[PDB]
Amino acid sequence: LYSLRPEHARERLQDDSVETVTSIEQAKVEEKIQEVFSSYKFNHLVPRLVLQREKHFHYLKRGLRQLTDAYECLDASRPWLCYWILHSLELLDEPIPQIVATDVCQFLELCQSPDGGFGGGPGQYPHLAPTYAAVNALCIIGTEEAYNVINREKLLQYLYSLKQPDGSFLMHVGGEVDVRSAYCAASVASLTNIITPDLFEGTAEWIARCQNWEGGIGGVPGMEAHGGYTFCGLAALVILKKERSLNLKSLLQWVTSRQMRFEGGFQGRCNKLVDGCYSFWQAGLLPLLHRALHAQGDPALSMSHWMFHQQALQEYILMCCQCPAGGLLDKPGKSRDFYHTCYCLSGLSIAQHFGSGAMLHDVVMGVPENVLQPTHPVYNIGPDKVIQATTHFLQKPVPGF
């Protein structure tokens, strides 16, 4: 275990004897993480990095039907809860009974707006975030029933209704603009084959304006580089085949700098704390940058590993992000939630599976039963689900209006 090596203690923060809110909060975190790392030593057992699959499964399978009122704050993110859960079950190789799947399909039908797109619950106005989640969920299920839920003509209209003259998209009518919208739109439009020639005109250029002095990408031009927004920006460009619109090298240096030398996990922004959900948003950028640089015929690219410490990330997730009761989380001390379960699992999968053309190479830390189903770095749903959905929707012509 890379994290448990003696020389690893040298990776502890060096505050230069100048404490500030930033160094103090970081130190508190490393302190808590170190206690977790050493728990084995102090208890005299052999470290067993085990992914609590059955614990995670009961939690997920149960959350898929009902949730406590603690979830009232997510009453407008119901298609997200479906996606997060269905995708977590998918990474854990757990199946979706044809009856559950049909129930999910019917629920999303209620969340779908007569104007295209999906709202965060039955009867809510449509928004791009739950539209992305609803579509990804229906693709994970992958039945004709599921695919048919989506009204493609109204979806294209909806996308057109959010499109801005500058290339950006609103998240919803009368709503805000940020890089998430470009990705939500490019993800649902591509999967469903509704991309018209002008739908994403200026979009690649707008996203390129979000890349700042740091190498990363901010929510809108001028903003601090952020891990969640950077994934959306790059993943959207990959879909649009315009990754070249970015300075891929400065982006590569920025994301690799986000992995925490001590904790092994990824931080969302420079000088902020480690967070398990960034195992996906940040580490997920490496496969995408691999694909892009390779498309440019980069000769120096690895043929077995992503450009981050796959081992250390798997260790942070396995040792520090699981809730014994099932479910995954931000960092030790945090409470579990379906969002973090989905992205901690999503990032683990990315950390375990490498691939580049004909090259395939796994790295599964701990017990071999830890290996998860692979995840598509652009859509974050199983690669099979991606091929299966796109091939299906390619049987339908792009809505002509």
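Residues carry their position along the shown sequence, with the first being 1. The term rigid core refers to the maximal set of C-alpha atoms that superpose within 1.5 Å between the two forms.
A fit on the rigid core, followed by a root mean square over CA positions in 9 other deposited structures of this protein, ranks 36 to 44 against 61 to 69 and picks 36 to 44 as the more shifted one.
Note on 231 to 239 vs 285 to 293: mean CA B-factor is higher in 285 to 293. Per the PDB record, of the two stretches 119 to 127 and 212 to 220, 119 to 127 carries the greater mean B-factor over its C-alpha atoms.
When the C-alpha B factors of 264, 268, 79, 299 are read from the deposited coordinates, the top value falls at 299. The PDB entry assigns the greatest CA B-factor among 166, 330, 75, 93 to 93. Ranked by C-alpha B-factor against the other modelled residues of its chain, residue 362 falls in the highest third. For residue 380, the recorded CA temperature factor ranks within the lowest third of the chain's modelled residues. Among the modelled residues of its chain, residue 157 has a C-alpha B-factor that falls in the middle third according to the deposited record. Among all modelled residues in its chain, residue 172 ranks in the middle third by Cα B-factor. Ranked against the other modelled residues of its chain, the C-alpha B-factor of residue 54 as given in the entry falls in the highest third.
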